[PDB]
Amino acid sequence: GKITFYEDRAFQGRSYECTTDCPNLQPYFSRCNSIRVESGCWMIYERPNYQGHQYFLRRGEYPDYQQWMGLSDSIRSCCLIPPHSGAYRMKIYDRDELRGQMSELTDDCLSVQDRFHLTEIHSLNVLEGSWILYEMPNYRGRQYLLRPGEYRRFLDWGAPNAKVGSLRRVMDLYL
């Protein structure tokens, strides 16, 4: 993957190019108002060490932070989401510790309410591929990167509560 950060909008000002994870971008730029993703899937973060607000980006050009649904020009860390082939897979539970009613997803879910008649998810088991968990339906609201693995409680994916609106498989822009 390859991503380039620009201090000013429309790809202006000082820039920095990354082709791997980076827990601290502060030494390279003081602000980010535009981004060019040459290839790959990326999660960029407001604070160092993958902390703070998270935003998902794929191949494309983002002339302003609003284009990646960002809140500001503060970006201090980024991670390259490993490319994934084949089927995606994750199980959702209505209780913590992977207990309670369970359902399995192998494709995107634009509305957890419409699909499972659930407004909250208490534990997860991401078996295949990375996903993005959205607070609101239709990929809106706060974002939380879900890497493969077990999430015993909502705190594990970094959310303040168990509300979930939509779930998206992380895959690069089709070409």
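The numbering used is simple: start at 1 and walk along the sequence shown.
Trainee: Would you mind comparing 40 to 48 and 117 to 125 for me and telling me which has the higher average C-alpha temperature factor in the entry?
Mentor: Looking at the recorded C-alpha B-factors, 117 to 125 comes out higher on average.
Trainee: Name the higher of the two by mean Cα B-factor in the PDB entry, 162 to 170 versus 147 to 155.
Mentor: Stretch with the greater average CA B-factor: 147 to 155.
Trainee: Per the coordinate record, which of the options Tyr28, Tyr65, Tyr134, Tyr55 holds the highest CA temperature factor?
Mentor: It is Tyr28.
Trainee: So where's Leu110 on the chain's Cα temperature factor ranking, which third?
Mentor: According to the entry, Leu110 has a C-alpha B-factor in the chain's highest third.
Trainee: Ranked by Cα temperature factor within the chain, is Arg95 in the lowest third, the middle third or the highest third?
Mentor: Its C-alpha B-factor, which the entry lists for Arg95, ranks in the highest third among residues of this chain.
Trainee: What third of the chain, by the recorded C-alpha B-factor, contains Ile75?
Mentor: Its C-alpha B-factor belongs to the lowest third of this chain's values.
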